[PDB]
Number of protein chains: 2
Amino acid sequence: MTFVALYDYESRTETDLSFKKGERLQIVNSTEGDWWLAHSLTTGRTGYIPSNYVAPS
Amino acid sequence: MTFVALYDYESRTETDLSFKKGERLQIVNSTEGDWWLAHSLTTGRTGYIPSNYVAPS
């Protein structure tokens, strides 16, 4: 639903949202799901993944 | 803990992780938390936010 920002956040990529402390934010549904920071045991690379693309082992 | 990829995913920014169906992935803890797609009621902009920066209204 609706959240409020506790801190300023400055965007680091083309896809993140910059916002100031106090802003009201609404979660938006997408098919990808929440994103998680993940490490691939298979390739050794690391970065954010769309959680709806994976399942527990 | 440990997850397996259900689908290929091709990275779209400098910070996401590309992976192939079948890869084993491990969640990595960061201070930012999971990332959510959010819309700012305050500014009208939209993009991903670090969930540990916000709290329910």
Side-chain angles (χ1 to χ4, degrees):
Chain A
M1 53 167 298
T2 301
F3 294 77
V4 57
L6 301 166
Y7 315 89
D8 297 349
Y9 175 74
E10 189 178 314
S11 61
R12 306 176 305 206
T13 78
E14 294 187 9
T15 54
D16 42 359
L17 174 68
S18 295
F19 55 81
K20 299 286 170 216
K21 177 170 176 259
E23 282 191 38
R24 294 174 65 79
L25 305 162
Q26 192 170 265
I27 303 307
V28 156
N29 295 322
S30 67
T31 46
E32 298 116 298
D34 301 341
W35 290 66
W36 300 339
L37 185 62
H39 177 63
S40 173
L41 298 176
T42 305
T43 67
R45 303 198 301 279
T46 312
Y48 296 98
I49 65 170
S51 61
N52 285 339
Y53 278 53
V54 310
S57 57
Chain B
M1 53 167 298
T2 301
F3 294 77
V4 57
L6 301 166
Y7 315 89
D8 297 349
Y9 175 74
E10 189 178 314
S11 61
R12 306 176 305 206
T13 78
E14 294 187 9
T15 54
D16 42 359
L17 174 68
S18 295
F19 55 81
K20 299 286 170 216
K21 177 170 176 259
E23 282 191 38
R24 294 174 65 79
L25 305 162
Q26 192 170 265
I27 303 307
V28 156
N29 295 322
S30 67
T31 46
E32 298 116 298
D34 301 341
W35 290 66
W36 300 339
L37 185 62
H39 177 63
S40 173
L41 298 176
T42 305
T43 67
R45 303 198 301 279
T46 312
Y48 296 98
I49 65 170
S51 61
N52 285 339
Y53 278 53
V54 310
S57 57

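Keep in mind that the numbers below use all heavy atoms, side chains included, and drop hydrogens, waters and symmetry copies. We name chains A, B, ... by the order of the sequence lines, and we start the count at 1 in each one.
With A/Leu25 as the partner, the side-chain contact (heavy atoms from CB on, under 4.5 Å) test is satisfied by one option alone out of B/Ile49, B/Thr43, B/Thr46: B/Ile49.
Taking A/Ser51 as the reference, nothing meets the side chain to side chain donor-acceptor pair (under 3.5 Å) condition, with sequence neighbours excluded.
For B/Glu14, no part sits under 4.5 Å from any heavy atom of chain A, backbone or side chain. Only the side chain of B/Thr13 comes within contact range of chain A, with heavy atoms under 4.5 Å apart. Heavy-atom distances place both the backbone and the side chain of A/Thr15 under 4.5 Å from chain B.
Listed here is the closest heavy atom pair of A/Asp16 and A/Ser11: OD1-CB, 3.1 Å.
By number of non-hydrogen pairs under 4.5 angstrom with chain B, the leading residue of A/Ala55, A/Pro56, A/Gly47 is A/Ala55. Ranked by heavy-atom pairs under 4.5 Å with chain A, the list B/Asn52, B/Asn29, B/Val4 is led by B/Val4. The greatest number of non-hydrogen atom pairs below 4.5 Å with chain B, out of A/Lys21, A/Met1, A/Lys20, A/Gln26, is found for A/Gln26.
Residues A/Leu6 and B/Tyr53 have side chains not in contact (no heavy-atom distance under 4.5 Å, counting atoms from C-beta outward).
Residues in residues 34-57 of chain A take part in no salt bridge (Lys or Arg N to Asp or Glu O under 4.0 Å) pair, two or more places apart or across chains.
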